[PDB]
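Trainee: return a 3D structure for these sequence lines:
(7 chains)
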Amino acid sequence: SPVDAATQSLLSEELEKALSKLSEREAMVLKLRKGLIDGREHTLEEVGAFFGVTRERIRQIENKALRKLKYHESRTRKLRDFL
Amino acid sequence: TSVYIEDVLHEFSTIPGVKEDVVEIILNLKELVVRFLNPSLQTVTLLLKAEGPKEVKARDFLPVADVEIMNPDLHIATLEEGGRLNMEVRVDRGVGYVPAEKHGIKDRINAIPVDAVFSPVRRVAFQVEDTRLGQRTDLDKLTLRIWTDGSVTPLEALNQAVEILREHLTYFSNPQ
Amino acid sequence: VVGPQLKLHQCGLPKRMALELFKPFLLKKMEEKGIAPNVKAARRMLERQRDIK
Amino acid sequence: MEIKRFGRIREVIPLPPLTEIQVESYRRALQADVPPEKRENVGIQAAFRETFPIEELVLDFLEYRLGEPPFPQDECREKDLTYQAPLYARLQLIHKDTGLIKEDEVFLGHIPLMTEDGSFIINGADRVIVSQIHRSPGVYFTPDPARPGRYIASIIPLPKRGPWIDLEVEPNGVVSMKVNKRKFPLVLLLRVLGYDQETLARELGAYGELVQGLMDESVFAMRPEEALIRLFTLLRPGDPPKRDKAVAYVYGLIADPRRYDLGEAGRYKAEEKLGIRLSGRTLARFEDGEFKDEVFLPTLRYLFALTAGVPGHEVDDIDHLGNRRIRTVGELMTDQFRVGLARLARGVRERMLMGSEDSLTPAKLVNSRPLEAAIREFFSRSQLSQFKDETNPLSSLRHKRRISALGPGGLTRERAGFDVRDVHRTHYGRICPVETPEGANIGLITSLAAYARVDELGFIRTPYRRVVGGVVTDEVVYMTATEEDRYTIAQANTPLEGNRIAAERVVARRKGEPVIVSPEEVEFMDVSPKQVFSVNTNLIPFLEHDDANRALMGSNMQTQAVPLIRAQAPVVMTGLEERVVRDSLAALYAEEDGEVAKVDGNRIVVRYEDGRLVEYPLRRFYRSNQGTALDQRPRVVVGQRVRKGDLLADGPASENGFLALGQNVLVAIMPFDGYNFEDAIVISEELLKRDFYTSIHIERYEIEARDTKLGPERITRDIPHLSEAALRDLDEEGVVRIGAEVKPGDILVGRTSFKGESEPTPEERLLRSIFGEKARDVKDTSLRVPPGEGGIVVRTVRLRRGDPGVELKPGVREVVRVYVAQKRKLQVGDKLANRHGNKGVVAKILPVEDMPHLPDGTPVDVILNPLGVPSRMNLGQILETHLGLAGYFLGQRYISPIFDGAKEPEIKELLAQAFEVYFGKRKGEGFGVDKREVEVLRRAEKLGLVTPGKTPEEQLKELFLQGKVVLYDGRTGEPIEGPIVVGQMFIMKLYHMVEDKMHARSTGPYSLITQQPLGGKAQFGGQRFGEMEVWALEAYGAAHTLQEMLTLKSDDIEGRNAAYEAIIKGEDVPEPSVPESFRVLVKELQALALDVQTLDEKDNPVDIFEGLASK
DNA sequence: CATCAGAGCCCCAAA
DNA sequence: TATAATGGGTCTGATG
RNA sequence: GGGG
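Mentor: Numbering: from 1, shown residues only, chains lettered A, B, ... in the order given. Structure as follows:
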């Protein structure tokens, strides 16, 4: 519907507001893990074959992104209602 | 302004042993005239309990200090053997007509908001008859006819009305 | 219903109808005043008749 | 209180059981209360005796029996079941080769039963089978329109039980016969009967133009079998004239009482019209070896003698109510029963020649299915099976006595013209001339007259009293429109000194036409003015003073009266307001004499004189089909001595046994600042204070929890992504608590359902993994309150798969129903009306201090506008108000019979007595006359209302006798310059309330193929901007407003999504793209091999599919 | 003289 | 997969 | 089958 197309095109907008504040590789391990690129969720195993890192720098690579994005919330408070 | 009846959840209910339904009992209640003696008393809560083959009238309400039931013979509900009534009516002082939808006054959870006809004046009329100060003719003799329920007497009403009026003429004071 | 008190260019529109009919406009105005913080929260407000202020 | 009643007509016989047209027809169709041996050959029995025996092995029918219903009426309404009875049939399989007889009783399914009030419960919904009216079976002679001199004979049988046969006499002088759209000399058919040229001159003989113009020689030169084989070829190009294939087809077509059936009425009609005796309901028969005729020559003899000037020969009026007959509920159902019995006989013969010709009981040879289907079909899909109109007791009573000319076997909206919808002079006493719809259906749907009764043959009869010499007998006689035409019938109000006709000249009818005749020549007298109109029309006081076009609207709107909580019977009645409550069975009466034991809001108990203690429970607050609250309240107290037939409880829209469709309000006829404009109505806020025009309404919300290939739905309370404020009124299971105020948006029943491969799309997974929580398995699908609905929860119903006595449709686990009530006060928009056709929407509710009040301070209730009276010509409301004015002060209600009620002198007498009460108390109470009353009198004097030179008392009384009174404006205190008509009027709140109709949509559901918005308020639809509304925008030249209507605001998926995003962002709407409904047009033309091309100005194709359709 | 195509709008609850 | 079974169940106006 |  128009309301859905609206909110789906406002979620992507208010999310690539997070590809910035993070970085280029941080905001990409999240894309493979959550499936933004291929549609399927690649484990910290397969992802290790795209940056060289093993299954525990990816974890800190991921958790640094999320924990940083969690602080970008409660300061922009945009993504709450988005349920 | 509100009614709670024991083991009654909503207005569309029915009570065992009670000839009337709740829609009618709340209608019979709406005609209750309750006068306050203390001026600064805004709200009370009248209690009633009955049983057996009683024909509960407005007397059976438990007596509250500084309140008087002005129409004690007001039929409330017929009860046959085994029938038990037990309620808590809220009575509020106010002005004009505030429909149940507007105030939603609930003391408990199963309280039923009732329509409030606050105004104590039942009927008003006035006569304008011809008179003379023998010199001059075609003068007017005004005769106001105030009927009331008894919570406020016709004279008190007349004074309050004149006061509301003079209070309103004062608004024409500071112009802009 | 007849509205004898209306100017020739006027009509009486129930506020309930006007809310739904202008809903998108009402959302943007609510965000611009502050009655809600983002347009998608404002739509959640108008969804329960009690939540409406 | 005192009930003065007028009228001098002494009504002998009273109205018949007003629902018998339904109750009697079906009881006679079924005969369940009759021992099988004693059953007459009609209805269900006659069907069996027509389908059986079955000739292969010969199966035969012995008797049927009806069992007791599986569930009581209330339990069928409650469980959405059909209130029905099991049908069994004892059959015996006689082997016509050995003689073996295996007998058994086979179960043929359930037959729906009719309830006490003559209605049905089909799937838990009350329904009514509307009687049908159609052309009667028989022989009809009607004049040729192409050829003025010659006529046409027609032989019409009962619907779908025989072909129409016409006997046109072609330009040639021998008589032709047109059957199944073919045509051929009737000479050939006549030879087949065995007719010899001598029996044509001998039997006929008298019209050498015709008797001898019919006899042709090439045809007579052949035996009855030689011609039977000539005609079998003239009617079936392809079949080979076998002498057992021709006698099988023709016998079945014309002589077989299984495919062809002149009804029982068709028999009588044809016998009388032709003056013969018909042995069977059929045109021919097969006796002794060949075909013996029965109808073909009598008909031919008549048709010929009416191309001369021979007596008794006369054309027929096919619209005469002696030639049209009613098909009641019994006949309508039995006809579907005969159809679902001929299919079961088809499956019997197919199993009787393949299987084991000796190993067959009746049980595994009879498959009920084709009979359960046909019956189930008549009651669910028939046009004559209507959702019952039970808005109030009168709604259902009118619904059941309704007559329709449309439906299966009758006409069609487009198939009907002027002739059928006219009021025929024979309607008099049988079909009400007023009750009928305004609009397309005018004259096609009608009502049975009040004293009218349908006879066994199906003709409507009306009662008439016998006049002998000049003495009127109490003997009553019911007549058909054909019997009636043989008598001079006097009018109901002809002056009678006892039992004698008092008048020198009496007003009578002779074949419907009005004639002035002497009492010597009078044979029958009307029984009452009530016998000419319907039941609704008979409820309009002062009907004789109303224009028919407005009396129709007043008749129909009574059906729409919503029952009110303070309902009251009118101050002016007609004397039917009790029989209507009685016969509608909404009230509750005493079976015998006795004393009342207990009385309660739920039940009454009556210690009858027989010692037996009977307990009548009381319908308490049950939702009707139209959602009005049917509710029975008690009207007796503990220990009251009640006689037989005494009222024990009022039904809805009933006050102490009298029909109460509305309220008696104090009305004032006068313009009021425009709020009165063009039929709108102004009302006092006092009406809402004393809960006048307040009605209860119940709406039922239903939800299913079903099994899915993705998981089970669950009626939980654990709804995701919510707050406890939203779930506060839900119980442990997730169902709203009984007694909670629900508003729009509120959850009524919590429900969850799992999602699909819509298993959170990454941009969602990324969002949830950011917020700590994890995407939930199931989603919120709870039942919420729709926009503009609400109320108080009064009952919840849970039915689950597994609990005892319940089983849902396949795949459904649980079903929950929540019933919400709402006490509805009057409000701006609600429609009101009186019994005279005056209808209007409340436009303004004034506070009591603005209402026009009487001099003694009494404010009026309603302000009608006088402009609604002259053009409409419904003065009955004017008299109703005048007599209502008197009753206001005398404290009386009046019974004023129709065409025999209170007349103006009599009314004035009551008003004069009333003036003493209105003014008499004043002049002793210490008050003289008012200054402004004098000013008004000064203007009344100029208006010719009062006599100059009388005291103010004599002049106010003169105005009072005209119904006018002095009226003070409440806003000024100054008088209305003129005296205004004021009095009590009976006004009804109609079922059409703004709360039902207010609807608005921003965006919502779109339709599958077109991508255009759904319709209807229930679907949260959009409004239709049809052809004419587009023309309106074109005529304005509003190009962009129209373009937006055809794109952004409908089916331009691109533009309509983009528009919304611009409006929530504050950007002006975008320019529209192509409407998706045009792409559907292009693709549906490609589906027809047609290549549609959108081109530019260089004739180069333009893609409106954006490359998604090419390879 | 046969065959085909037309025969007002919008809205409701039902199914 | 092998007794034999063989033919069904209105209402008007325009155009060839 | 109701409404206008």
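Trainee: spatially central residue for chain C, please.
Mentor: residue C:19 (3.0 Å; CA atoms, centre = their mean).
Trainee: residue numbers of chain A in contact with chain C?
Mentor: A:3, A:7, A:10, A:77-78, A:81-82 (CB under 8 Å from any CB of the partner chain). For every residue, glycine as well, the C-beta is placed using N, CA and C.
Trainee: going by distance to DNA strand F, which of those wins?
Mentor: Nearest to DNA strand F among the residues of chain A next to chain C: residue A:3, at 46.7 Å, using CB to the nearest atom of the strand.
Trainee: check which helix or strand residue D:212 maps to.
Mentor: Using DSSP states H and E, residue D:212 falls within helix D:211-214.
Trainee: got the contact list for the next helix or strand after that helix?
Mentor: Counting by DSSP H and E, the next helix or strand C-terminal to helix D:211-214 is helix D:217-220. With contacts defined as CB atoms under 8 Å, 6 or more residues apart in numbering or on different chains, helix D:217-220 is touched by D:185, D:187-188, D:191, D:196-197, D:227.
Trainee: what of stretch D:1100-1111?
Mentor: Outside of stretch D:1100-1111, the residues within contact range by CB under 8 Å, 6+ apart are D:1074, D:1078-1079, D:1082, D:1093-1096.
Trainee: list the buried residues of that stretch.
Mentor: Within stretch D:1100-1111, no residue counts as buried by 16 or more other CB atoms under 10 Å in any protein chain shown.
Trainee: does the residue minimising distance to the centre of chain A count as helix, strand or coil?
Mentor: The geometric centre of chain A, computed from its C-alpha atoms, lies nearest to residue A:30 (CA atoms, centre = their mean), at 4.3 Å. Under DSSP: H, G, I helix; E, B strand; the rest coil, residue A:30 falls in the helix class.
Trainee: now the nearest residue to it once chain neighbours are set aside. Its backbone dihedrals?
Mentor: With CB to CB, 6 or more residues apart in numbering or on different chains as the criterion, residue A:30 has its nearest non-adjacent residue at 5.4 Å, and that residue is residue A:65. Main-chain dihedrals, residue A:65, degrees, to the nearest 10: phi -70, psi -60.
Trainee: next one: residue D:325
Mentor: The phi and psi values for residue D:325, taken as degrees, to the nearest 10, are phi -140, psi 160.
Trainee: what residues are bridge-paired with it?
Mentor: According to DSSP bridges, the residues that bridge with residue D:325 are residue D:134.
Trainee: which ones are touching it?
Mentor: D:133-134, D:136, D:265, D:457-459.
Trainee: what distance do you get for it to DNA strand E?
Mentor: Taken as CB to the nearest atom of the strand, to the nearest Å, the spacing of residue D:325 relative to DNA strand E amounts to 27 Å.
Trainee: surely residue D:45 is in contact with residue D:37?
Mentor: No: using CB atoms under 8 Å, residue D:45 makes no contact with residue D:37, being 11.3 Å away.
Trainee: ok, now which ones touch residue 15?
Mentor: I went with chain A, as the question did not name one. Listed by CB under 8 Å, 6+ apart, the contact set of residue A:15 reads A:79, D:763, D:766-767.
Trainee: wait, chain D was what I had in mind.
Mentor: Residue D:15 makes contact with D:450-451, D:530, D:576, D:579, according to CB under 8 Å, 6+ apart.
Trainee: can you turn the buried part of these into a ChimeraX selection?
Mentor: Here is the ChimeraX selection string for the buried members of the contacts of residue D:15, based on 16+ other CB under 10 Å:
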select /D:450,451,530,576,579
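Trainee: ok, now how distant is the residue nearest to the centre of chain C from DNA strand E?
Mentor: Computed with CB to the nearest atom of the strand, the distance linking residue C:19 and DNA strand E is 18 Å.
Trainee: returning to what we had before: neighbour count for the contacts of stretch D:1100-1111 - can I get that in a markdown table?
Mentor: Listed next are these as a markdown table, based on neighbours: other CB atoms under 10 Å in any protein chain shown:
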| residue | neighbour count |
| --- | --- |
| D:1074 | 18 |
| D:1078 | 16 |
| D:1079 | 17 |
| D:1082 | 18 |
| D:1093 | 10 |
| D:1094 | 12 |
| D:1095 | 9 |
| D:1096 | 8 |
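Trainee: which of those residues lies closest to residue D:955?
Mentor: residue D:1078 (76.5 Å; CB to CB).
Trainee: ok, then the element right after the helix or strand hosting that closest one?
Mentor: Using DSSP H and E, residue D:1078 falls within helix D:1076-1086. Using DSSP H and E, the helix or strand that follows helix D:1076-1086 in sequence is strand D:1094-1095.
Trainee: gap between whatever helix or strand comes next after that following strand and the chain center?
Mentor: Next helix or strand after strand D:1094-1095 toward the C-terminus (DSSP H and E): strand D:1101-1102. The chain centre lies 56 Å from the centre of strand D:1101-1102; the measure is CA atoms, centre = their mean, to the nearest Å.
Trainee: end-to-end on stretch D:140-154?
Mentor: Stretch D:140-154 has its terminal residues 5 Å apart, counting by CA to CA, to the nearest Å.
Trainee: which residue does chain C bring closest to DNA strand F?
Mentor: Per CB to the nearest atom of the strand, residue C:1 is where chain C lies closest to DNA strand F, at 40.8 Å.
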